[PDB]
Amino acid sequence: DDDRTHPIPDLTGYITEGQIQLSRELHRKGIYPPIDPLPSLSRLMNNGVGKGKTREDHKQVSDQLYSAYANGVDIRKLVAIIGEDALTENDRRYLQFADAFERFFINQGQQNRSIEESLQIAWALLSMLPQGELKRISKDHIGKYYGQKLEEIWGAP
Amino acid sequence: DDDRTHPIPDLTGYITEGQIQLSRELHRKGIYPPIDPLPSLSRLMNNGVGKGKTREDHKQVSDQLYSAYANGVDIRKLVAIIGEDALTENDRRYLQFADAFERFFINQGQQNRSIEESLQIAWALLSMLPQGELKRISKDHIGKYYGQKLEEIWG
Amino acid sequence: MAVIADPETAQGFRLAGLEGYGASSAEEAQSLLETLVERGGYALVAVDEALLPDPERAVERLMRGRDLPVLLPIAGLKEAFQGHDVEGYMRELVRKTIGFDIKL
Amino acid sequence: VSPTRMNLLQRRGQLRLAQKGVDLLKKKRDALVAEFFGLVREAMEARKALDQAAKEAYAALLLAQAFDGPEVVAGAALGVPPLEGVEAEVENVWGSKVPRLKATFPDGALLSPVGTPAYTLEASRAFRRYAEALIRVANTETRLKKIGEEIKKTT
Amino acid sequence: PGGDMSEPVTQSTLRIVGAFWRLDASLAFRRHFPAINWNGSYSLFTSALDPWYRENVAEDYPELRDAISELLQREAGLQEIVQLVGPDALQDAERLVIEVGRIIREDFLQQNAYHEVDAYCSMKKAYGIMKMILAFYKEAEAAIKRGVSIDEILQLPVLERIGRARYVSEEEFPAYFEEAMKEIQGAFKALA
Amino acid sequence: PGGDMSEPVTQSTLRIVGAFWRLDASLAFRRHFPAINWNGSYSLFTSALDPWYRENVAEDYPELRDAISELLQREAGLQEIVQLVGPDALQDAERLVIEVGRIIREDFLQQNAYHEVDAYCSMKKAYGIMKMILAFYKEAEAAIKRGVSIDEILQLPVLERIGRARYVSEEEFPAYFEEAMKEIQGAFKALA
Amino acid sequence: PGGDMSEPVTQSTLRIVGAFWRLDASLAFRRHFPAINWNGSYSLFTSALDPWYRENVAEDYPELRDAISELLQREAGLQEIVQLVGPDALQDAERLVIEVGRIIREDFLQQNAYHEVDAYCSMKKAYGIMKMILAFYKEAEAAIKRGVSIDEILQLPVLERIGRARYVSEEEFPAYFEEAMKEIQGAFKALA
């Protein structure tokens with residue numbers, strides 16, 4: 001009954017390392033796969049990502065994406081009350097970032113994406129934010145990857 | 001404990017052909033009989049009403065009264081949040097409709113109202129709303145019966 | 001729009017085409033103010049701060065359902081030369097607006 | 001509330017809804033405070049400009065009354081036409097209606113523009129500048145107060 | 001028993017059926033039948049029937065159905081704010097979504113089983129109603145960007161044309177649909 | 001299971017333990033470690049350890065600890081105004097409390113378990129840190145009583161002497177403490 | 001157990017009894033004894049005893065009883081508004097009702113079982129107190145319609161006569177009642 005306190009979800013959480021949660025709200029809007037990034041968690045991420053086993057900018061990019069989407073989903077709720085004009089500029093950038101994220105990153109359809117393509121899309125989505133707003137990412141990766149347009153994935157949404 | 005989910009009312013509702021449910025809140029205000037119209041139900045209503053049995057406009061008037069009273073009860077919860085002074089006039093119309101309904105239609109005492117008197121009172125109560133709000137009633141019945149005021153009946 | 005102040009400046013305020021009344025005491029001021037507001041057409045009323053610092057609460061009974069008369073406290077002729085710091089007045093505005101009494 | 005599992009789940013959902021609404025209202029309050037503290041500075045600037053205008057207007061009035069005489073100044077005052085109740089056009093702040101005054105008055109159309117007196121017309125110009133300065137303070141202060149009760153309601 | 005959906009049989013039926021139509025007592029109280037709880041219902045046969053719908057009804061019917069579902073989801077999302085601050089506190093572009101959702105709920109989903117004409121509804125009639133509602137929504141969102149207040153948009157006479165399309169007979173609907181679409185075109189262009 | 005403290009296990013444990021170090025993830029989100037809650041934790045061995053404390057550490061230590069506790073408490077009474085009005089708009093008499101409590105949270109409460117010298121702190125080191133923080137607060141309040149701006153106080157060179165006290169060696173600490181005491185005594189009554 | 005009125009013993013009792021006097025712990029906390037909750041209690045013998053009341057107490061006793069019941073109901077209705085909006089946001093036509101409800105709650109319903117005199121109360125004394133309270137209410141409403149502020153009415157000295165009335169012995173009451181009745185009218189006519 002979507003009840004996370006039910007015994008089957010509860011006893012599974014004591015033995016397994018995190019969970020991936022599908023969202024019904026994303027499913028009704030036409031997004032597939034409806035994986036909700038906010039309540040999802042992988043507890044062994046830190047020992048698998050990094051230099052020598054994937055690209056070295058993985059962890060900070062993931063943290064920045066999570067932190068930006070968390071602000072976007074709340075700014076989108078505040079818009080319905082206070083209107084779009086009352087926001088500042090960067091709040092409007094976050095509001096557009098959340099919509100672009102849901103349109104391109106999550107809604108991949110039946111495509112097969114390698115890790116490099118996913119990281120390229122992630123860095124293209126972060127490019128719509130101004131430089132220096134990306135607090136979580138170090139300068140070395142920002143100078144190396146920031147600035148690509150989103151028109152590459154726009155040819156196949 | 002006024003619990004509708006108790007096994008005895010549950011099975012009685014599953015077996016029988018309707019129920020008449022009294023309300024304690026209406027009884028507290030002095031309304032007799034304190035019949036609550038929303039939880040009540042009559043499954044065999046469709047057989048004994050209509051043209052040639054009671055009158056042609058009975059079925060639609062009942063549904064319109066149900067919808068209007070439901071809207072009034074809904075507004076009664078929003079006024080408890082923001083107050084009546086912030087309401088629009090349309091919502092105040094429904095609120096006053098509910099207040100007049102509970103005091104003039106349900107509250108009848110020991111008198112014996114005929115069916116025609118009850119329908120006349122019901123049409124006198126629907127006239128407090130704009131003519132465009134009656135979506136459930138055909139325009140022929142509206143053109144025939146709509147128009148009376150409530151004060152024209154009493155004395 | 002009309003103003004209420006000392007009789008010395010009433011002629012000067014009528015010199016600009018405005019409506020001007022003179023007053024010399026507090027109860028005279030409040031009675032004159034209620035006679036001012038009980039009739040319409042008077043969008044703005046100016047009352048000197050030396051005689052009635054807070055006019056919208058002295059007469060609040062007559063406009064609580066009608067925000068048409070805009071009352072305003074103004075500095076008098078004496079204060080125009082002897083000086084007055086607007087910071088205290090703005091702190092008082094912070095007081096009867098939000099009331100935390102914290103501002104620098 | 002009848003104790004069932006479904007009712008327990010519904011109440012647990014309602015708790016989350018209230019907890020999210022609290023944070024949303026806090027964000028709205030912060031957004032309102034941001035404009036309030038920006039408007040208070042402009043109110044202060046308007047007040048000090050009003051004081052500056054009042055100083056020179058009152059000095060001119062005193063000097064004109066002292067040297068030209070009181071009777072000639074009074075006659076020049078009676079030689080002016082009165083201003084009407086200029087329009088208080090509506091204005092929207094944060095979803096609420098406020099009046100906005102208009103500074104337009106028939107300058108130059110006032111009778112007796114030039115003639116014998118010398119110190120009275122300068123005082124008239126100073127006083128009409130003072131009158132122009134006053135309405136700006138009025139227009140800013142009313143919006144300041146109207147933001148204030150919105151802060152109070154959100155809190 | 002007592003409407004408790006956590007019953008062993010109800011949970012046992014949940015895991016072996018391809019569709020699930022959950023009824024609500026709240027909608028039944030206000031005589032809003034068939035009283036289907038849109039939030040807690042689902043159907044797993046939607047994705048497999050698309051080639052039939054594209055052949056027998058229209059080439060763009062799934063797009064209209066997805067648009068209607070998206071609008072209903074948006075209406076459901078904003079209802080958590082209405083219970084917090086009231087309906088009038090919302091912006092105009094969101095009041096439009098609320099009113100369109102209410103229009104859909106009172107016009108398309110509701111059906112009377114004892115009416116002479118409303119008891120049966122073919123697929124093309126529902127397709128016409130959905131197209132009409134979506135066209136009205138597009139014109140209404142066009143009107144908002146032109147500065148038109150929403151308090152007058154709902155006063156247009158085309159809503160009553162939309163409001164009573166249920167009771168039009170199947171042999172009269174093909175002319176009514178083309179009349180109402182022309183009215184929809186005319187009203188909003190003459191609006192501003 | 002979900003952070004609920006009404007479980008039978010935690011209720012049974014609470015009845016018998018002498019100390020209760022509650023963790024919370026709100027401070028872990030800020031990378032503030034150790035992330036214990038200092039308004040939810042309690043200890044019952046404080047009143048019995050005082051005779052050992054005033055003999056082995058210093059005479060004023062039981063009296064000094066209450067100063068740190070009250071200083072941390074006073075900001076919890078200022079949390080109802082900071083989310084409404086920005087920190088810079090506060091009066092200086094409250095800005096002082098906010099800043100000294102902040103430096104307490106960021107130098108005394110926090111600790112780096114991975115560092116070479118911060119992973120272990122003897123008791124006299126902590127006592128010197130609390131004494132030095134009280135000296136800072138008392139002299140800053142005395143300067144504030146003379147009508148000075150609090151901005152010049154925040155720019156004082158002794159503030160970085162406050163941050164660096166964590167990373168001094170255990171053998172090297174006393175001379176650093178004496179020098180910091182001299183500098184903080186020189187700073188505030190040199191400023192008029 | 002635990003004040004739960006849904007237990008089997010309470011529910012089996014309510015089906016048989018003709019009267020139900022419900023106690024409340026909230027009234028007992030603030031020492032408002034006898035702590036009878038007047039909203040949840042009921043009696044089924046009120047209608048049958050009216051002819052006895054009409055000739056053994058007074059011919060208008062049920063009218064006074066109903067007039068006080070409506071005042072209590074209106075006060076309970078306004079108790080949904082006042083607690084979160086503010087008592088001064090109401091109009092005086094409702095603040096008067098609030099104050100009269102407070103007077104009824106504290107001066108009539110309350111009774112001390114351990115006092116020398118208050119432990120026993122005849123019917124005629126209660127009727128006199130009821131008459132005094134209703135007369136005060138009507139005069140206060142007339143004075144409000146004269147445009148007087150409510151605070152000059154709450155500060156009126158005649159209110160203390162009603163508060164001390166229930167401590168007047170059964171012997172003194174027939175003389176106290178006439179003087180209080182004259183004083184109420186005199187004070188409300190002498191008022192502006």
# chains A, B, ... in the order shown; residues from 1 in each chain; ligands from 1
>>> closest_atom_pairs(of="chain C", to="chain D", cutoff="6 Å", atoms="only C-alpha atoms", output="tab-separated table")
residue	atom	partner	partner_atom	distance
C:14	CA	D:77	CA	5.7
C:15	CA	D:77	CA	4.3
C:16	CA	D:128	CA	5.4
C:17	CA	D:82	CA	4.6
C:41	CA	D:85	CA	5.7
C:80	CA	D:55	CA	5.2
C:97	CA	D:148	CA	5.2
>>> calpha_fit_and_write(fixed="chain G", moving="chain E", output="PDB file with C-alpha atoms, in the first residue's frame")
ATOM      1  CA  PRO E   1      -8.913   3.006  31.309  1.00  0.00           C
ATOM      2  CA  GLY E   2      -6.910   6.061  30.315  1.00  0.00           C
ATOM      3  CA  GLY E   3     -10.165   7.948  30.007  1.00  0.00           C
ATOM      4  CA  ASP E   4     -10.926   6.130  26.740  1.00  0.00           C
ATOM      5  CA  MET E   5     -14.649   6.657  26.172  1.00  0.00           C
ATOM      6  CA  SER E   6     -14.755   4.014  23.415  1.00  0.00           C
ATOM      7  CA  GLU E   7     -14.717   1.264  26.104  1.00  0.00           C
ATOM      8  CA  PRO E   8     -17.257  -1.570  25.656  1.00  0.00           C
ATOM      9  CA  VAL E   9     -18.934  -0.847  29.014  1.00  0.00           C
ATOM     10  CA  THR E  10     -19.102   2.905  28.370  1.00  0.00           C
ATOM     11  CA  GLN E  11     -20.701   2.306  24.970  1.00  0.00           C
ATOM     12  CA  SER E  12     -23.021  -0.281  26.536  1.00  0.00           C
ATOM     13  CA  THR E  13     -24.078   2.220  29.203  1.00  0.00           C
ATOM     14  CA  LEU E  14     -24.649   4.917  26.557  1.00  0.00           C
ATOM     15  CA  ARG E  15     -27.623   3.121  25.019  1.00  0.00           C
ATOM     16  CA  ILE E  16     -29.723   2.408  28.144  1.00  0.00           C
ATOM     17  CA  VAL E  17     -29.450   5.539  30.333  1.00  0.00           C
ATOM     18  CA  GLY E  18     -31.709   8.580  30.220  1.00  0.00           C
ATOM     19  CA  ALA E  19     -28.947  11.036  31.123  1.00  0.00           C
ATOM     20  CA  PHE E  20     -25.195  11.215  30.600  1.00  0.00           C
ATOM     21  CA  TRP E  21     -22.872  13.568  32.500  1.00  0.00           C
ATOM     22  CA  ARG E  22     -19.429  13.406  30.894  1.00  0.00           C
ATOM     23  CA  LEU E  23     -16.485  14.716  32.911  1.00  0.00           C
ATOM     24  CA  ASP E  24     -13.437  16.342  31.319  1.00  0.00           C
ATOM     25  CA  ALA E  25      -9.841  16.062  32.503  1.00  0.00           C
ATOM     26  CA  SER E  26      -8.907  19.480  31.096  1.00  0.00           C
ATOM     27  CA  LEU E  27     -11.386  21.290  33.346  1.00  0.00           C
ATOM     28  CA  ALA E  28     -10.269  19.135  36.276  1.00  0.00           C
ATOM     29  CA  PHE E  29      -6.654  20.195  35.714  1.00  0.00           C
ATOM     30  CA  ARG E  30      -7.461  23.892  36.167  1.00  0.00           C
ATOM     31  CA  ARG E  31      -9.588  23.118  39.261  1.00  0.00           C
ATOM     32  CA  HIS E  32     -12.841  24.122  37.555  1.00  0.00           C
ATOM     33  CA  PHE E  33     -15.260  21.724  39.256  1.00  0.00           C
ATOM     34  CA  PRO E  34     -17.745  19.948  38.796  1.00  0.00           C
ATOM     35  CA  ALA E  35     -15.830  19.765  35.447  1.00  0.00           C
ATOM     36  CA  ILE E  36     -18.866  18.748  33.381  1.00  0.00           C
ATOM     37  CA  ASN E  37     -18.127  18.652  29.651  1.00  0.00           C
ATOM     38  CA  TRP E  38     -21.091  20.652  28.365  1.00  0.00           C
ATOM     39  CA  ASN E  39     -20.434  19.643  24.751  1.00  0.00           C
ATOM     40  CA  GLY E  40     -20.728  15.876  25.216  1.00  0.00           C
ATOM     41  CA  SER E  41     -23.523  15.659  27.789  1.00  0.00           C
ATOM     42  CA  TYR E  42     -27.255  15.234  27.273  1.00  0.00           C
ATOM     43  CA  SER E  43     -30.503  14.528  29.101  1.00  0.00           C
ATOM     44  CA  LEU E  44     -33.654  12.972  27.666  1.00  0.00           C
ATOM     45  CA  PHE E  45     -35.931  13.982  30.569  1.00  0.00           C
ATOM     46  CA  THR E  46     -35.898  17.706  29.744  1.00  0.00           C
ATOM     47  CA  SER E  47     -39.083  17.769  27.659  1.00  0.00           C
ATOM     48  CA  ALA E  48     -41.219  15.757  30.098  1.00  0.00           C
ATOM     49  CA  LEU E  49     -40.548  17.864  33.214  1.00  0.00           C
ATOM     50  CA  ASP E  50     -41.841  21.186  31.842  1.00  0.00           C
ATOM     51  CA  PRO E  51     -45.329  21.075  33.492  1.00  0.00           C
ATOM     52  CA  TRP E  52     -43.642  20.654  36.884  1.00  0.00           C
ATOM     53  CA  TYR E  53     -41.221  23.526  36.260  1.00  0.00           C
ATOM     54  CA  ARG E  54     -44.039  25.823  35.140  1.00  0.00           C
ATOM     55  CA  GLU E  55     -45.890  25.048  38.379  1.00  0.00           C
ATOM     56  CA  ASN E  56     -43.220  24.974  41.083  1.00  0.00           C
ATOM     57  CA  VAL E  57     -40.555  27.462  39.942  1.00  0.00           C
ATOM     58  CA  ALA E  58     -41.807  30.002  37.394  1.00  0.00           C
ATOM     59  CA  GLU E  59     -43.996  30.265  34.316  1.00  0.00           C
ATOM     60  CA  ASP E  60     -41.089  31.204  32.014  1.00  0.00           C
ATOM     61  CA  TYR E  61     -38.261  29.017  33.377  1.00  0.00           C
ATOM     62  CA  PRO E  62     -37.956  26.795  30.238  1.00  0.00           C
ATOM     63  CA  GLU E  63     -37.553  29.919  28.092  1.00  0.00           C
ATOM     64  CA  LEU E  64     -34.664  31.114  30.275  1.00  0.00           C
ATOM     65  CA  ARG E  65     -33.073  27.657  30.166  1.00  0.00           C
ATOM     66  CA  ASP E  66     -33.338  27.562  26.366  1.00  0.00           C
ATOM     67  CA  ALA E  67     -31.851  31.066  26.155  1.00  0.00           C
ATOM     68  CA  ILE E  68     -28.891  29.981  28.302  1.00  0.00           C
ATOM     69  CA  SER E  69     -28.364  26.893  26.129  1.00  0.00           C
ATOM     70  CA  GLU E  70     -28.560  29.000  22.950  1.00  0.00           C
ATOM     71  CA  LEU E  71     -25.979  31.427  24.356  1.00  0.00           C
ATOM     72  CA  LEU E  72     -23.662  28.545  25.252  1.00  0.00           C
ATOM     73  CA  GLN E  73     -24.038  27.130  21.732  1.00  0.00           C
ATOM     74  CA  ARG E  74     -23.207  30.531  20.220  1.00  0.00           C
ATOM     75  CA  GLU E  75     -20.148  30.781  22.472  1.00  0.00           C
ATOM     76  CA  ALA E  76     -19.034  27.301  21.404  1.00  0.00           C
ATOM     77  CA  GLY E  77     -19.421  28.213  17.735  1.00  0.00           C
ATOM     78  CA  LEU E  78     -17.251  31.329  17.932  1.00  0.00           C
ATOM     79  CA  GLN E  79     -14.416  29.541  19.745  1.00  0.00           C
ATOM     80  CA  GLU E  80     -13.275  28.016  16.448  1.00  0.00           C
ATOM     81  CA  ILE E  81     -12.527  31.542  15.204  1.00  0.00           C
ATOM     82  CA  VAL E  82     -10.715  32.622  18.382  1.00  0.00           C
ATOM     83  CA  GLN E  83      -8.169  29.817  17.997  1.00  0.00           C
ATOM     84  CA  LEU E  84      -7.676  30.962  14.384  1.00  0.00           C
ATOM     85  CA  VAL E  85      -7.304  34.762  14.597  1.00  0.00           C
ATOM     86  CA  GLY E  86      -7.130  35.532  18.321  1.00  0.00           C
ATOM     87  CA  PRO E  87      -9.766  37.020  20.621  1.00  0.00           C
ATOM     88  CA  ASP E  88      -9.144  40.709  19.871  1.00  0.00           C
ATOM     89  CA  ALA E  89      -9.768  40.395  16.117  1.00  0.00           C
ATOM     90  CA  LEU E  90     -13.495  39.785  16.636  1.00  0.00           C
ATOM     91  CA  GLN E  91     -16.165  42.460  16.400  1.00  0.00           C
ATOM     92  CA  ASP E  92     -17.624  44.029  19.535  1.00  0.00           C
ATOM     93  CA  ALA E  93     -20.994  42.268  19.247  1.00  0.00           C
ATOM     94  CA  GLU E  94     -19.170  38.913  19.243  1.00  0.00           C
ATOM     95  CA  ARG E  95     -16.765  39.861  22.026  1.00  0.00           C
ATOM     96  CA  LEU E  96     -19.945  40.472  24.014  1.00  0.00           C
ATOM     97  CA  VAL E  97     -21.078  36.891  23.379  1.00  0.00           C
ATOM     98  CA  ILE E  98     -17.631  35.568  24.346  1.00  0.00           C
ATOM     99  CA  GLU E  99     -17.575  37.575  27.586  1.00  0.00           C
ATOM    100  CA  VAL E 100     -21.148  36.609  28.489  1.00  0.00           C
ATOM    101  CA  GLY E 101     -20.308  32.943  27.920  1.00  0.00           C
ATOM    102  CA  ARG E 102     -17.266  33.294  30.160  1.00  0.00           C
ATOM    103  CA  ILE E 103     -19.433  35.029  32.781  1.00  0.00           C
ATOM    104  CA  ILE E 104     -21.911  32.135  32.680  1.00  0.00           C
ATOM    105  CA  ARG E 105     -19.119  29.558  32.912  1.00  0.00           C
ATOM    106  CA  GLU E 106     -17.398  31.225  35.882  1.00  0.00           C
ATOM    107  CA  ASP E 107     -20.581  32.276  37.700  1.00  0.00           C
ATOM    108  CA  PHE E 108     -23.441  29.834  37.106  1.00  0.00           C
ATOM    109  CA  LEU E 109     -21.925  26.472  36.164  1.00  0.00           C
ATOM    110  CA  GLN E 110     -19.043  26.476  38.656  1.00  0.00           C
ATOM    111  CA  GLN E 111     -19.806  25.239  42.168  1.00  0.00           C
ATOM    112  CA  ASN E 112     -17.649  24.469  45.212  1.00  0.00           C
ATOM    113  CA  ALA E 113     -18.645  21.424  47.257  1.00  0.00           C
ATOM    114  CA  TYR E 114     -16.552  22.341  50.320  1.00  0.00           C
ATOM    115  CA  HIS E 115     -17.846  25.890  50.752  1.00  0.00           C
ATOM    116  CA  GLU E 116     -20.301  26.612  53.550  1.00  0.00           C
ATOM    117  CA  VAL E 117     -23.034  28.181  51.400  1.00  0.00           C
ATOM    118  CA  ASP E 118     -22.089  27.199  47.852  1.00  0.00           C
ATOM    119  CA  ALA E 119     -22.502  23.443  48.410  1.00  0.00           C
ATOM    120  CA  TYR E 120     -26.313  23.578  48.116  1.00  0.00           C
ATOM    121  CA  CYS E 121     -28.364  25.657  45.683  1.00  0.00           C
ATOM    122  CA  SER E 122     -32.152  25.649  45.438  1.00  0.00           C
ATOM    123  CA  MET E 123     -34.040  26.084  42.176  1.00  0.00           C
ATOM    124  CA  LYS E 124     -35.165  29.672  42.784  1.00  0.00           C
ATOM    125  CA  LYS E 125     -31.596  30.850  43.431  1.00  0.00           C
ATOM    126  CA  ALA E 126     -30.501  29.419  40.072  1.00  0.00           C
ATOM    127  CA  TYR E 127     -33.548  30.997  38.419  1.00  0.00           C
ATOM    128  CA  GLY E 128     -32.591  34.371  39.874  1.00  0.00           C
ATOM    129  CA  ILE E 129     -28.999  34.021  38.684  1.00  0.00           C
ATOM    130  CA  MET E 130     -30.128  33.086  35.161  1.00  0.00           C
ATOM    131  CA  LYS E 131     -32.559  36.016  35.046  1.00  0.00           C
ATOM    132  CA  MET E 132     -29.811  38.365  36.251  1.00  0.00           C
ATOM    133  CA  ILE E 133     -27.348  37.187  33.597  1.00  0.00           C
ATOM    134  CA  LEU E 134     -29.916  37.418  30.790  1.00  0.00           C
ATOM    135  CA  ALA E 135     -30.981  40.915  31.876  1.00  0.00           C
ATOM    136  CA  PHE E 136     -27.339  42.004  31.878  1.00  0.00           C
ATOM    137  CA  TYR E 137     -26.901  40.542  28.392  1.00  0.00           C
ATOM    138  CA  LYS E 138     -29.935  42.459  27.110  1.00  0.00           C
ATOM    139  CA  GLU E 139     -28.667  45.730  28.590  1.00  0.00           C
ATOM    140  CA  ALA E 140     -25.186  45.091  27.171  1.00  0.00           C
ATOM    141  CA  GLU E 141     -26.531  44.438  23.668  1.00  0.00           C
ATOM    142  CA  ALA E 142     -28.591  47.612  24.021  1.00  0.00           C
ATOM    143  CA  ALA E 143     -25.408  49.523  24.883  1.00  0.00           C
ATOM    144  CA  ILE E 144     -23.540  48.307  21.782  1.00  0.00           C
ATOM    145  CA  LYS E 145     -26.183  49.691  19.405  1.00  0.00           C
ATOM    146  CA  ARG E 146     -25.709  53.060  21.149  1.00  0.00           C
ATOM    147  CA  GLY E 147     -22.015  53.148  20.213  1.00  0.00           C
ATOM    148  CA  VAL E 148     -20.523  52.260  23.600  1.00  0.00           C
ATOM    149  CA  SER E 149     -17.131  50.548  23.435  1.00  0.00           C
ATOM    150  CA  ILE E 150     -16.982  47.091  25.008  1.00  0.00           C
ATOM    151  CA  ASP E 151     -13.636  47.831  26.676  1.00  0.00           C
ATOM    152  CA  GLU E 152     -15.479  49.876  29.329  1.00  0.00           C
ATOM    153  CA  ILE E 153     -18.598  47.687  29.614  1.00  0.00           C
ATOM    154  CA  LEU E 154     -16.734  44.944  31.490  1.00  0.00           C
ATOM    155  CA  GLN E 155     -15.353  47.540  33.935  1.00  0.00           C
ATOM    156  CA  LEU E 156     -18.772  48.218  35.480  1.00  0.00           C
ATOM    157  CA  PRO E 157     -19.145  47.394  39.199  1.00  0.00           C
ATOM    158  CA  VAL E 158     -22.261  45.295  38.552  1.00  0.00           C
ATOM    159  CA  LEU E 159     -20.105  42.376  37.367  1.00  0.00           C
ATOM    160  CA  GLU E 160     -18.745  41.861  40.888  1.00  0.00           C
ATOM    161  CA  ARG E 161     -22.344  41.905  42.119  1.00  0.00           C
ATOM    162  CA  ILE E 162     -23.033  39.155  39.575  1.00  0.00           C
ATOM    163  CA  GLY E 163     -19.673  37.520  40.308  1.00  0.00           C
ATOM    164  CA  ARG E 164     -20.387  36.794  43.985  1.00  0.00           C
ATOM    165  CA  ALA E 165     -24.091  35.880  43.951  1.00  0.00           C
ATOM    166  CA  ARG E 166     -23.114  32.233  44.511  1.00  0.00           C
ATOM    167  CA  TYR E 167     -22.134  32.762  48.148  1.00  0.00           C
ATOM    168  CA  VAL E 168     -25.279  34.636  49.223  1.00  0.00           C
ATOM    169  CA  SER E 169     -27.373  32.571  51.624  1.00  0.00           C
ATOM    170  CA  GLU E 170     -30.823  31.285  50.694  1.00  0.00           C
ATOM    171  CA  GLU E 171     -32.577  33.529  53.236  1.00  0.00           C
ATOM    172  CA  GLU E 172     -30.601  36.573  52.035  1.00  0.00           C
ATOM    173  CA  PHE E 173     -31.011  35.965  48.295  1.00  0.00           C
ATOM    174  CA  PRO E 174     -34.561  37.440  47.886  1.00  0.00           C
ATOM    175  CA  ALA E 175     -33.306  40.907  48.868  1.00  0.00           C
ATOM    176  CA  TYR E 176     -30.002  40.562  46.998  1.00  0.00           C
ATOM    177  CA  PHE E 177     -31.818  39.684  43.763  1.00  0.00           C
ATOM    178  CA  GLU E 178     -34.007  42.797  43.891  1.00  0.00           C
ATOM    179  CA  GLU E 179     -31.022  44.981  44.808  1.00  0.00           C
ATOM    180  CA  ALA E 180     -28.941  43.621  41.928  1.00  0.00           C
ATOM    181  CA  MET E 181     -31.750  43.990  39.385  1.00  0.00           C
ATOM    182  CA  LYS E 182     -32.157  47.658  40.352  1.00  0.00           C
ATOM    183  CA  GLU E 183     -28.387  48.106  40.043  1.00  0.00           C
ATOM    184  CA  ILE E 184     -28.523  46.492  36.583  1.00  0.00           C
ATOM    185  CA  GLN E 185     -31.286  48.904  35.569  1.00  0.00           C
ATOM    186  CA  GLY E 186     -29.452  51.955  36.903  1.00  0.00           C
ATOM    187  CA  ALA E 187     -25.939  51.257  35.632  1.00  0.00           C
ATOM    188  CA  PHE E 188     -26.706  50.873  31.926  1.00  0.00           C
ATOM    189  CA  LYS E 189     -29.147  53.797  31.824  1.00  0.00           C
ATOM    190  CA  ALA E 190     -26.494  55.991  33.440  1.00  0.00           C
ATOM    191  CA  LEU E 191     -23.928  54.481  31.058  1.00  0.00           C
ATOM    192  CA  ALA E 192     -24.900  56.473  27.960  1.00  0.00           C
TER     193      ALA E 192
END
>>> interface_residues(of="chain B", to="chain D", cutoff="10 Å", atoms="only C-alpha atoms", output="list in words")
residues 1, 2, 3, 4, 5 and 6 of chain B
